[PDB]
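> Sharing structure.csv, CSV, C-alpha atoms:
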```
chain,number,residue,atom,x,y,z
A,1,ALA,CA,0.0,0.0,0.0
A,2,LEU,CA,2.7,2.5,0.9
A,3,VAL,CA,4.5,2.2,-2.4
A,4,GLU,CA,1.2,2.6,-4.3
A,5,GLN,CA,0.0,5.4,-2.0
A,6,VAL,CA,3.3,7.3,-2.2
A,7,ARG,CA,3.5,7.0,-6.0
A,8,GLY,CA,0.1,8.6,-6.4
A,9,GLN,CA,1.3,11.7,-4.6
A,10,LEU,CA,4.4,12.0,-6.8
A,11,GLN,CA,2.3,11.6,-10.0
A,12,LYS,CA,-0.3,14.2,-9.0
A,13,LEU,CA,2.3,16.6,-7.6
A,14,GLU,CA,4.5,16.3,-10.6
A,15,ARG,CA,1.7,17.3,-12.9
A,16,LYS,CA,1.0,20.4,-10.9
A,17,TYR,CA,4.5,21.7,-10.9
A,18,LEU,CA,4.7,22.3,-14.6
A,19,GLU,CA,1.1,23.7,-14.6
A,20,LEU,CA,2.2,26.5,-12.2
A,21,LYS,CA,5.2,27.2,-14.3
A,22,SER,CA,3.1,27.9,-17.4
A,23,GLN,CA,1.2,30.6,-15.6
A,24,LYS,CA,4.4,32.0,-14.1
A,25,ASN,CA,5.7,33.2,-17.5
A,26,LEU,CA,2.2,34.3,-18.6
A,27,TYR,CA,1.7,36.6,-15.6
A,28,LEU,CA,5.4,37.8,-15.9
A,29,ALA,CA,4.8,38.6,-19.6
A,30,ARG,CA,1.6,40.6,-18.7
A,31,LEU,CA,3.5,42.4,-16.0
A,32,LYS,CA,6.3,43.3,-18.3
A,33,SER,CA,3.9,44.7,-20.9
A,34,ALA,CA,1.7,46.6,-18.5
A,35,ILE,CA,4.8,48.1,-16.7
A,36,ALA,CA,7.1,48.7,-19.7
A,37,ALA,CA,4.5,49.8,-22.3
A,38,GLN,CA,2.8,51.8,-19.5
A,39,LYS,CA,5.8,54.0,-18.7
A,40,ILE,CA,5.8,55.6,-22.1
A,41,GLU,CA,2.5,57.3,-21.6
A,42,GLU,CA,3.8,59.2,-18.5
A,43,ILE,CA,6.5,60.4,-20.8
A,44,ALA,CA,4.2,61.5,-23.6
A,45,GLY,CA,1.1,62.6,-21.8
A,46,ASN,CA,2.8,64.7,-19.2
A,47,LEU,CA,0.9,67.3,-17.2
A,48,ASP,CA,0.0,70.0,-19.7
A,49,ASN,CA,-2.9,72.1,-20.9
A,50,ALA,CA,-3.4,69.4,-23.6
A,51,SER,CA,-1.1,66.7,-22.1
A,52,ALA,CA,1.4,67.4,-24.9
A,53,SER,CA,4.5,66.3,-22.8
A,54,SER,CA,4.3,69.7,-20.9
A,55,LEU,CA,7.3,70.9,-23.0
A,56,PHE,CA,5.5,72.0,-26.2
B,1,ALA,CA,-17.9,16.8,17.2
B,2,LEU,CA,-14.9,19.0,18.4
B,3,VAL,CA,-13.0,18.7,15.1
B,4,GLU,CA,-16.2,19.5,13.2
B,5,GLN,CA,-17.2,22.3,15.5
B,6,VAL,CA,-13.8,23.9,15.5
B,7,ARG,CA,-13.5,23.8,11.8
B,8,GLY,CA,-16.7,25.8,11.3
B,9,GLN,CA,-15.3,28.6,13.4
B,10,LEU,CA,-12.1,28.7,11.3
B,11,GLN,CA,-14.1,28.7,8.0
B,12,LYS,CA,-16.4,31.5,9.1
B,13,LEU,CA,-13.7,33.6,10.7
B,14,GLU,CA,-11.4,33.1,7.7
B,15,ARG,CA,-14.0,34.6,5.4
B,16,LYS,CA,-14.5,37.6,7.6
B,17,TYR,CA,-10.9,38.6,7.8
B,18,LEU,CA,-10.5,39.4,4.1
B,19,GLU,CA,-13.9,41.0,4.1
B,20,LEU,CA,-12.7,43.6,6.6
B,21,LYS,CA,-9.5,44.1,4.7
B,22,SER,CA,-11.4,45.2,1.6
B,23,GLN,CA,-13.2,47.9,3.5
B,24,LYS,CA,-9.9,49.0,5.1
B,25,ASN,CA,-8.4,50.2,1.8
B,26,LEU,CA,-11.6,51.8,0.7
B,27,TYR,CA,-12.0,53.9,3.8
B,28,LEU,CA,-8.3,54.7,3.7
B,29,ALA,CA,-8.6,55.8,0.1
B,30,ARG,CA,-11.6,58.1,0.9
B,31,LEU,CA,-9.7,59.5,3.9
B,32,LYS,CA,-6.7,60.3,1.6
B,33,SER,CA,-8.9,62.0,-1.0
B,34,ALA,CA,-11.0,64.0,1.5
B,35,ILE,CA,-7.8,65.0,3.5
B,36,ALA,CA,-5.4,65.6,0.6
B,37,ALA,CA,-7.8,67.1,-2.0
B,38,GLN,CA,-9.3,69.1,0.8
B,39,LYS,CA,-6.2,70.9,1.9
B,40,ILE,CA,-5.9,72.8,-1.5
B,41,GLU,CA,-9.0,74.7,-0.9
B,42,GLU,CA,-7.6,76.3,2.3
B,43,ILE,CA,-4.7,77.4,0.2
B,44,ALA,CA,-6.8,78.8,-2.7
B,45,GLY,CA,-9.9,80.1,-0.9
B,46,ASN,CA,-8.1,81.9,1.9
B,47,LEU,CA,-9.8,84.6,4.0
B,48,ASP,CA,-10.3,87.5,1.7
B,49,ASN,CA,-13.0,89.9,0.5
B,50,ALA,CA,-13.6,87.5,-2.4
B,51,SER,CA,-11.7,84.5,-1.0
B,52,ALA,CA,-9.0,85.0,-3.6
B,53,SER,CA,-6.1,83.6,-1.5
B,54,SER,CA,-6.0,86.8,0.5
B,55,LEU,CA,-2.9,87.8,-1.3
B,56,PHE,CA,-4.4,89.3,-4.5
C,1,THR,CA,-4.8,84.3,-23.5
C,2,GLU,CA,-5.8,85.0,-27.1
C,3,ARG,CA,-4.4,81.5,-28.0
C,4,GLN,CA,-6.9,79.9,-25.6
C,5,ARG,CA,-9.9,81.8,-26.9
C,6,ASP,CA,-9.7,80.5,-30.5
C,7,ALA,CA,-8.9,77.0,-29.4
C,8,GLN,CA,-12.0,76.8,-27.3
C,9,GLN,CA,-13.9,78.5,-30.2
C,10,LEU,CA,-12.6,75.9,-32.5
C,11,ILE,CA,-13.8,73.1,-30.2
C,12,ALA,CA,-17.2,74.7,-30.3
C,13,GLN,CA,-16.7,75.1,-34.1
C,14,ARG,CA,-15.9,71.4,-34.4
C,15,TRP,CA,-19.0,70.6,-32.3
C,16,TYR,CA,-20.7,73.2,-34.5
C,17,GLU,CA,-19.9,71.1,-37.5
C,18,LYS,CA,-21.3,68.0,-35.8
C,19,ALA,CA,-24.1,70.2,-34.5
C,20,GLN,CA,-24.5,71.4,-38.1
C,21,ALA,CA,-24.7,67.7,-39.1
C,22,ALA,CA,-26.5,66.8,-35.9
C,23,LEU,CA,-29.8,68.0,-37.3
C,24,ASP,CA,-28.9,66.8,-40.8
C,25,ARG,CA,-31.5,64.2,-41.8
C,26,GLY,CA,-33.7,65.7,-39.1
C,27,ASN,CA,-31.9,64.0,-36.2
C,28,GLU,CA,-32.8,66.8,-33.8
C,29,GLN,CA,-32.7,64.5,-30.8
C,30,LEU,CA,-29.0,64.0,-31.0
C,31,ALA,CA,-28.3,67.7,-31.5
C,32,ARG,CA,-29.8,68.3,-28.0
C,33,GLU,CA,-26.7,66.7,-26.4
C,34,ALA,CA,-24.3,68.3,-28.8
C,35,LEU,CA,-25.7,71.8,-28.4
C,36,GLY,CA,-26.1,71.3,-24.6
C,37,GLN,CA,-22.5,70.3,-24.6
C,38,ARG,CA,-21.3,73.4,-26.5
C,39,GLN,CA,-22.7,75.9,-24.0
C,40,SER,CA,-20.2,74.5,-21.5
C,41,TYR,CA,-17.6,76.0,-23.9
C,42,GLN,CA,-19.3,79.2,-24.9
C,43,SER,CA,-19.4,80.4,-21.3
C,44,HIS,CA,-15.6,80.1,-21.2
C,45,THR,CA,-15.3,82.0,-24.5
C,46,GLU,CA,-17.3,85.0,-23.2
C,47,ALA,CA,-15.4,84.9,-19.8
C,48,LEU,CA,-12.1,85.0,-21.7
C,49,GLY,CA,-13.4,87.5,-24.2
C,50,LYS,CA,-14.4,89.9,-21.5
C,51,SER,CA,-11.2,89.4,-19.6
C,52,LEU,CA,-9.2,90.0,-22.9
C,53,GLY,CA,-10.7,93.5,-23.2
C,54,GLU,CA,-9.6,94.3,-19.7
C,55,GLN,CA,-6.0,93.5,-20.4
C,56,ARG,CA,-6.0,95.7,-23.5
D,1,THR,CA,5.1,66.0,-44.8
D,2,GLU,CA,4.0,66.3,-48.4
D,3,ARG,CA,5.6,63.0,-49.2
D,4,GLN,CA,3.4,61.2,-46.6
D,5,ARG,CA,0.1,62.7,-47.9
D,6,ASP,CA,0.4,61.3,-51.4
D,7,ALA,CA,1.6,58.0,-50.1
D,8,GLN,CA,-1.5,57.6,-47.9
D,9,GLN,CA,-3.5,58.9,-50.8
D,10,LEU,CA,-2.0,56.3,-53.1
D,11,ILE,CA,-2.9,53.5,-50.6
D,12,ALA,CA,-6.5,54.8,-50.7
D,13,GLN,CA,-6.1,55.1,-54.5
D,14,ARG,CA,-4.9,51.4,-54.6
D,15,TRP,CA,-7.9,50.4,-52.4
D,16,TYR,CA,-9.9,52.7,-54.6
D,17,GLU,CA,-9.0,50.5,-57.6
D,18,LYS,CA,-10.0,47.4,-55.7
D,19,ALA,CA,-13.0,49.4,-54.4
D,20,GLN,CA,-13.6,50.3,-58.0
D,21,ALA,CA,-13.5,46.6,-58.8
D,22,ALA,CA,-15.1,45.7,-55.5
D,23,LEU,CA,-18.5,46.5,-56.9
D,24,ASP,CA,-17.6,45.1,-60.3
D,25,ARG,CA,-20.0,42.3,-61.1
D,26,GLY,CA,-22.2,43.7,-58.4
D,27,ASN,CA,-20.1,42.4,-55.4
D,28,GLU,CA,-21.3,45.2,-53.2
D,29,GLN,CA,-20.9,43.1,-50.0
D,30,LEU,CA,-17.1,42.9,-50.4
D,31,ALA,CA,-16.8,46.7,-51.1
D,32,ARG,CA,-18.2,47.3,-47.6
D,33,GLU,CA,-15.0,46.1,-46.0
D,34,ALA,CA,-12.8,47.8,-48.5
D,35,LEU,CA,-14.6,51.2,-48.3
D,36,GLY,CA,-14.9,50.9,-44.5
D,37,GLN,CA,-11.1,50.3,-44.5
D,38,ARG,CA,-10.3,53.3,-46.7
D,39,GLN,CA,-11.9,55.8,-44.3
D,40,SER,CA,-9.1,54.8,-41.8
D,41,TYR,CA,-6.8,56.4,-44.4
D,42,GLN,CA,-8.9,59.3,-45.5
D,43,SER,CA,-8.9,60.7,-41.9
D,44,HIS,CA,-5.1,60.8,-41.9
D,45,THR,CA,-5.2,62.6,-45.3
D,46,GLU,CA,-7.4,65.4,-44.1
D,47,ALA,CA,-5.4,65.7,-40.8
D,48,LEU,CA,-2.2,66.0,-42.8
D,49,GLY,CA,-3.8,68.2,-45.4
D,50,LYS,CA,-5.0,70.7,-42.8
D,51,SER,CA,-1.6,70.6,-41.0
D,52,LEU,CA,0.1,71.2,-44.3
D,53,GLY,CA,-1.7,74.5,-44.8
D,54,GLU,CA,-0.6,75.6,-41.4
D,55,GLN,CA,3.1,75.1,-42.2
D,56,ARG,CA,2.8,77.2,-45.4
E,1,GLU,CA,-3.1,37.4,-6.4
E,2,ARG,CA,-0.9,40.2,-5.4
E,3,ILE,CA,0.6,40.4,-8.9
E,4,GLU,CA,-2.9,40.9,-10.4
E,5,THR,CA,-3.5,43.8,-8.1
E,6,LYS,CA,-0.4,45.5,-9.4
E,7,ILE,CA,-1.5,44.9,-13.0
E,8,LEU,CA,-5.0,46.1,-12.2
E,9,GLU,CA,-3.5,49.3,-10.6
E,10,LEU,CA,-1.3,50.2,-13.5
E,11,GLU,CA,-4.0,49.6,-16.2
E,12,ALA,CA,-6.3,51.7,-14.1
E,13,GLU,CA,-3.7,54.1,-12.7
E,14,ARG,CA,-3.5,55.8,-16.1
E,15,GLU,CA,-6.8,55.3,-17.8
E,16,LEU,CA,-7.8,58.6,-16.2
E,17,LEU,CA,-4.6,60.1,-17.5
E,18,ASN,CA,-5.9,59.4,-21.1
E,19,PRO,CA,-9.7,59.5,-20.5
E,20,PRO,CA,-11.7,57.3,-23.0
E,21,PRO,CA,-14.3,58.9,-25.2
E,22,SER,CA,-17.5,59.7,-23.3
E,23,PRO,CA,-20.6,57.8,-24.2
E,24,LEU,CA,-21.9,60.9,-26.0
E,25,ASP,CA,-18.8,61.7,-28.0
E,26,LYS,CA,-18.4,57.9,-28.4
E,27,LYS,CA,-22.0,57.8,-29.5
E,28,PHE,CA,-21.1,60.7,-31.9
E,29,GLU,CA,-17.9,59.0,-32.8
E,30,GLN,CA,-19.8,55.8,-33.4
E,31,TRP,CA,-22.8,57.6,-34.9
E,32,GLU,CA,-20.4,59.8,-37.0
E,33,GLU,CA,-18.5,56.6,-37.8
E,34,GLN,CA,-21.9,54.8,-38.4
E,35,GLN,CA,-23.0,57.9,-40.3
E,36,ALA,CA,-19.6,58.2,-42.0
E,37,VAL,CA,-19.4,54.5,-42.6
E,38,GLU,CA,-23.1,54.7,-43.7
E,39,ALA,CA,-23.1,58.3,-45.1
E,40,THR,CA,-19.8,58.6,-46.9
E,41,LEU,CA,-20.5,54.9,-47.7
E,42,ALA,CA,-23.9,56.1,-48.9
E,43,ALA,CA,-22.0,58.8,-50.8
E,44,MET,CA,-19.9,56.1,-52.3
E,45,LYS,CA,-23.0,53.9,-52.6
E,46,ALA,CA,-24.7,56.5,-54.9
E,47,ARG,CA,-21.5,58.1,-56.3
E,48,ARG,CA,-20.5,55.0,-58.2
E,49,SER,CA,-23.5,52.7,-57.7
F,1,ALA,CA,8.3,88.7,0.1
F,2,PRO,CA,4.7,87.9,-0.7
F,3,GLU,CA,5.4,87.5,-4.4
F,4,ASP,CA,7.7,84.6,-3.7
F,5,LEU,CA,4.9,83.0,-1.6
F,6,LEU,CA,2.8,82.7,-4.8
F,7,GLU,CA,5.3,80.2,-6.1
F,8,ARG,CA,5.5,78.4,-2.8
F,9,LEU,CA,1.7,78.2,-2.2
F,10,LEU,CA,1.0,77.1,-5.8
F,11,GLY,CA,3.8,74.6,-5.5
F,12,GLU,CA,2.0,73.0,-2.5
F,13,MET,CA,-1.2,73.0,-4.5
F,14,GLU,CA,0.6,70.9,-7.1
F,15,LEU,CA,2.4,68.7,-4.5
F,16,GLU,CA,-0.8,67.4,-3.1
F,17,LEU,CA,-3.0,67.7,-6.1
F,18,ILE,CA,-1.1,64.9,-7.8
F,19,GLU,CA,-1.3,62.9,-4.6
F,20,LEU,CA,-5.1,63.1,-4.9
F,21,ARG,CA,-4.5,61.6,-8.3
F,22,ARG,CA,-2.6,58.7,-6.6
F,23,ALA,CA,-5.5,58.3,-4.1
F,24,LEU,CA,-8.0,58.0,-6.9
F,25,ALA,CA,-5.9,55.2,-8.3
F,26,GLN,CA,-6.5,53.0,-5.3
F,27,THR,CA,-10.2,53.6,-5.2
F,28,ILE,CA,-10.7,52.7,-8.9
F,29,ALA,CA,-8.5,49.6,-8.4
F,30,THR,CA,-10.8,48.3,-5.7
F,31,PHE,CA,-13.7,48.7,-8.1
F,32,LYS,CA,-11.9,46.3,-10.5
F,33,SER,CA,-10.9,43.9,-7.8
```
Let me see the structure of the file written as structure tokens.


Amino acid sequence: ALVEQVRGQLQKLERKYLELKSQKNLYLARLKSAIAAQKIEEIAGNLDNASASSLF
Amino acid sequence: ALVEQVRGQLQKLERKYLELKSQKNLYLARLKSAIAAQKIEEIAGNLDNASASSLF
Amino acid sequence: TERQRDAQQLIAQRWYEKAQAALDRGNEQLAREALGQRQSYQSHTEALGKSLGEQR
Amino acid sequence: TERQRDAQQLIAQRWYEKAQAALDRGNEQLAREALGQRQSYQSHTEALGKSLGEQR
Amino acid sequence: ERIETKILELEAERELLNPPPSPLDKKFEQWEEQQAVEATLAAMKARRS
Amino acid sequence: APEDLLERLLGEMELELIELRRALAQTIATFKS
């Protein structure tokens, strides 16, 4: 029983590990896009009468 | 009975903790807005014949 | 100050074009919101127009 | 700036040829997507055309 | 969970900075687009029918 | 020098006006959450 019981844990756990890893990159990619691509707008649309970078 | 009774307390209590936390930020946000955004008006509408900052 | 007046006038002028086409085909209902929106800009025009004369 | 206007005009002109042949044989349904696509280019033409006059 | 909060913050931390078209000017933009795409289209519909 | 105060006061109005903008960010975030 022990060898059968323990193997089931390893099989189920092994499947879950890679499943988490797939989401890890996906959330990381979204974070990079929403943090990198976001920063440009604070450079372009700066505080101005028309949000034209505040320098024009 | 004890294991069943005690678990019910944990489940109900666990739900309530996060519920309070949600309101915590909300009230904090309102406090920040009504305290920060409020202070400007005491800078603009200072005691004056027309409340024009009292310096004009 | 003069630069702001025409700009706000142009915005009303732009809405005036849509307002001009708002009633085109007889779509008077839509023009109600457009014309009701423009007055929020006309008031600024008169306020700046009057103030402009004072600075002269 | 002038170099961009004709280029975008040509793209509309190219789509105008397909649009000209879009309705050929009576295939009005296809022309809907072609003509609907061209307006995305005409707006740029007018925006650049108006801006061109300002620079004069 | 915490990561999603950061993403939600940023995507919403700036939407005000570049406000989207209002339902009216969107309605106009859509109606004008609808019109344009059905009025200039109508112009092209009758111009070279 | 009252004239200098004008720069100082309006500076404060901008120091905290932006902070109000930061506060609005948290409130809108909770709406999404």

> How would chain C read as a short mmCIF file (atom, residue, chain, number, x, y, z; two decimals) with C-alpha atoms, keeping the file's coordinate frame once least-squares superposed on chain D using all paired C-alpha atoms?


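File produced: part_16.cif:
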```cif
data_model
loop_
_atom_site.label_atom_id
_atom_site.label_comp_id
_atom_site.auth_asym_id
_atom_site.auth_seq_id
_atom_site.Cartn_x
_atom_site.Cartn_y
_atom_site.Cartn_z
CA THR C 1 5.10 65.94 -44.81
CA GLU C 2 3.93 66.33 -48.41
CA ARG C 3 5.65 62.94 -49.17
CA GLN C 4 3.39 61.24 -46.60
CA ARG C 5 0.18 62.76 -47.90
CA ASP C 6 0.41 61.28 -51.43
CA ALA C 7 1.59 57.95 -50.17
CA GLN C 8 -1.41 57.56 -47.95
CA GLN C 9 -3.56 58.90 -50.88
CA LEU C 10 -2.07 56.31 -53.07
CA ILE C 11 -2.91 53.54 -50.59
CA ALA C 12 -6.46 54.79 -50.66
CA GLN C 13 -6.11 55.02 -54.49
CA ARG C 14 -4.95 51.40 -54.62
CA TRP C 15 -7.89 50.42 -52.37
CA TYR C 16 -9.91 52.71 -54.65
CA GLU C 17 -8.99 50.53 -57.56
CA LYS C 18 -10.02 47.41 -55.64
CA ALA C 19 -12.99 49.39 -54.37
CA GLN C 20 -13.61 50.34 -58.01
CA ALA C 21 -13.46 46.59 -58.81
CA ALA C 22 -15.07 45.70 -55.50
CA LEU C 23 -18.51 46.48 -56.85
CA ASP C 24 -17.60 45.18 -60.31
CA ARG C 25 -19.95 42.28 -61.08
CA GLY C 26 -22.21 43.71 -58.39
CA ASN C 27 -20.17 42.36 -55.47
CA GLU C 28 -21.27 45.19 -53.19
CA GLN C 29 -20.86 43.09 -50.08
CA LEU C 30 -17.13 42.95 -50.38
CA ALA C 31 -16.82 46.66 -51.10
CA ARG C 32 -18.28 47.31 -47.59
CA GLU C 33 -14.99 46.12 -46.01
CA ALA C 34 -12.83 47.81 -48.57
CA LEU C 35 -14.56 51.17 -48.31
CA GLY C 36 -14.80 50.85 -44.48
CA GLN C 37 -11.12 50.22 -44.55
CA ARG C 38 -10.30 53.31 -46.65
CA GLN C 39 -11.87 55.79 -44.25
CA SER C 40 -9.17 54.79 -41.76
CA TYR C 41 -6.81 56.41 -44.33
CA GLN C 42 -8.85 59.36 -45.44
CA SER C 43 -8.97 60.75 -41.91
CA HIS C 44 -5.15 60.83 -41.92
CA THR C 45 -5.14 62.56 -45.33
CA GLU C 46 -7.40 65.42 -44.12
CA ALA C 47 -5.40 65.70 -40.79
CA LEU C 48 -2.18 66.02 -42.80
CA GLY C 49 -3.80 68.23 -45.39
CA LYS C 50 -4.96 70.67 -42.79
CA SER C 51 -1.67 70.60 -40.98
CA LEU C 52 0.16 71.20 -44.37
CA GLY C 53 -1.69 74.51 -44.81
CA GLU C 54 -0.58 75.62 -41.40
CA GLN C 55 3.06 75.14 -42.17
CA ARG C 56 2.75 77.15 -45.39
#
```

> I need the contact residues of chain C against chain E, so if you could list those with any atom within 12 Å, counting only C-alpha atoms, and return them as a list in words, that would help.

residues 14, 15, 17, 18, 19, 21, 22, 24, 25, 27, 30, 31, 32, 33, 34, 35, 36 and 37 of chain C

> What is the atom CA of residue F:29 to atom CA of residue E:16 distance in Å?

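Answer for the atom CA of residue F:29 to atom CA of residue E:16 separation: 11.9 Å.
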
> In Å, how far is it from atom CA of residue F:10 to atom CA of residue A:54?

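Distance reported for this atom pair: 17.1 Å.
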
> With distances taken over all atoms listed in the file, which residue among A:1, A:29, A:40, A:47 lies nearest chain F?

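Nearest to chain F: A:47.
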
> Pull the closest atom pair for each residue of chain A that gets at most 10 Å from chain E, along with the distance in Å to one decimal, counting only C-alpha atoms, ordering rows by chain and then ascending residue number, as JSON lines.


```
{"residue": "A:27", "atom": "CA", "partner": "E:3", "partner_atom": "CA", "distance": 7.8}
{"residue": "A:28", "atom": "CA", "partner": "E:3", "partner_atom": "CA", "distance": 8.9}
{"residue": "A:30", "atom": "CA", "partner": "E:7", "partner_atom": "CA", "distance": 7.8}
{"residue": "A:31", "atom": "CA", "partner": "E:7", "partner_atom": "CA", "distance": 6.3}
{"residue": "A:32", "atom": "CA", "partner": "E:7", "partner_atom": "CA", "distance": 9.6}
{"residue": "A:33", "atom": "CA", "partner": "E:7", "partner_atom": "CA", "distance": 9.6}
{"residue": "A:34", "atom": "CA", "partner": "E:7", "partner_atom": "CA", "distance": 6.6}
{"residue": "A:35", "atom": "CA", "partner": "E:10", "partner_atom": "CA", "distance": 7.2}
{"residue": "A:38", "atom": "CA", "partner": "E:10", "partner_atom": "CA", "distance": 7.4}
{"residue": "A:39", "atom": "CA", "partner": "E:10", "partner_atom": "CA", "distance": 9.6}
{"residue": "A:41", "atom": "CA", "partner": "E:14", "partner_atom": "CA", "distance": 8.3}
{"residue": "A:42", "atom": "CA", "partner": "E:14", "partner_atom": "CA", "distance": 8.4}
{"residue": "A:45", "atom": "CA", "partner": "E:17", "partner_atom": "CA", "distance": 7.6}
{"residue": "A:46", "atom": "CA", "partner": "E:17", "partner_atom": "CA", "distance": 8.9}
{"residue": "A:47", "atom": "CA", "partner": "E:17", "partner_atom": "CA", "distance": 9.1}
{"residue": "A:51", "atom": "CA", "partner": "E:17", "partner_atom": "CA", "distance": 8.8}
```

> What's the separation between atom CA of residue B:25 and atom CA of residue F:15, in Å to one decimal place?

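That distance, rounded to one decimal, is 22.3 Å.
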
> Please report as JSON lines every residue of chain F lying within 9 Å of chain E, along with the nearest atom pair and their distance in Å (one decimal), using all atoms listed in the file.


```
{"residue": "F:21", "atom": "CA", "partner": "E:13", "partner_atom": "CA", "distance": 8.7}
{"residue": "F:22", "atom": "CA", "partner": "E:13", "partner_atom": "CA", "distance": 7.7}
{"residue": "F:24", "atom": "CA", "partner": "E:13", "partner_atom": "CA", "distance": 8.2}
{"residue": "F:25", "atom": "CA", "partner": "E:13", "partner_atom": "CA", "distance": 5.0}
{"residue": "F:26", "atom": "CA", "partner": "E:9", "partner_atom": "CA", "distance": 7.1}
{"residue": "F:28", "atom": "CA", "partner": "E:12", "partner_atom": "CA", "distance": 6.9}
{"residue": "F:29", "atom": "CA", "partner": "E:9", "partner_atom": "CA", "distance": 5.5}
{"residue": "F:30", "atom": "CA", "partner": "E:9", "partner_atom": "CA", "distance": 8.8}
{"residue": "F:32", "atom": "CA", "partner": "E:8", "partner_atom": "CA", "distance": 7.1}
{"residue": "F:33", "atom": "CA", "partner": "E:5", "partner_atom": "CA", "distance": 7.4}
```

> I'd like the neighbourhood of residue F:6 as a PyMOL selection string, where a residue qualifies if any of its atoms comes within 12 Å (using all atoms listed in the file), though same-chain residues fewer than 6 positions away should be ignored.

(chain B and resi 43-44+53-56) or (chain F and resi 12-13)

> Counting all atoms listed in the file, which residues of chain C come no farther than 12 Å from chain A, as a list in words?

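Taken together, these residues fit the definition: residues 3, 4, 7 and 8 of chain C.
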
> Create the file for the chosen residues now, containing C-alpha atoms and written as a short mmCIF file (atom, residue, chain, number, x, y, z; two decimals), in the coordinates of the input.


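Okay, out-v1.cif is ready:
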```
data_model
loop_
_atom_site.label_atom_id
_atom_site.label_comp_id
_atom_site.auth_asym_id
_atom_site.auth_seq_id
_atom_site.Cartn_x
_atom_site.Cartn_y
_atom_site.Cartn_z
CA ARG C 3 -4.40 81.50 -28.00
CA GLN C 4 -6.90 79.90 -25.60
CA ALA C 7 -8.90 77.00 -29.40
CA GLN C 8 -12.00 76.80 -27.30
#
```

> Per residue of chain F within 7 Å of chain B, record the nearest atom pair and its distance in Å to one decimal, counting all atoms listed in the file, with rows in chain order and ascending residue number, as a Markdown table.


```
| residue | atom | partner | partner_atom | distance |
| --- | --- | --- | --- | --- |
| F:9 | CA | B:43 | CA | 6.9 |
| F:13 | CA | B:40 | CA | 5.6 |
| F:16 | CA | B:36 | CA | 6.2 |
| F:17 | CA | B:37 | CA | 6.3 |
| F:20 | CA | B:33 | CA | 5.6 |
| F:23 | CA | B:29 | CA | 5.8 |
| F:26 | CA | B:29 | CA | 6.4 |
| F:27 | CA | B:29 | CA | 6.0 |
```
